[PDB]
């Protein structure tokens, strides 16, 4: 039940390192992913590592929404919801223009681009937030 300086080993218990720790190989942490059909044609692909850092990738295209409106689709599942509202910037493919969405702590998503009419505009980009 001792940890050695060689060999593959499994280690249980809470280990608190008070100093500097270096890893020269790979550090593997939990990863979870989620796809959200957020509404109005917007899709989010979320990847969460260490139950904290989330990178959101925008897909789809948005139409028929105004600033301040919540997207009319599926809310972000509980394990991806941030503790505070997170504003994620995205870009309209092939344009000079951008938008942001807010992912609210309840999982709802609020649109904060300009109003978009019936003509969809492709939405892309990566945004990052911390859950805690």
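Residue numbers count along the first chain shown, from 1.
- Per the PDB record, of the two stretches 4-12 and 121-129, 4-12 carries the greater mean B-factor over its C-alpha atoms.
- Split the chain's modelled residues into thirds by C-alpha temperature factor. Residue 99 is in the lowest one.
- In this PDB entry, residue 18 carries a Cα temperature factor that places it within the highest third of its chain's modelled residues.
- For residue 92, the recorded CA temperature factor ranks within the lowest third of the chain's modelled residues.
- Remark: residue 81 belongs to the middle third of its chain, ranked by C-alpha B-factor as recorded.
- Residue 110: CA B factor lies in the lowest third for its chain, per the PDB record.
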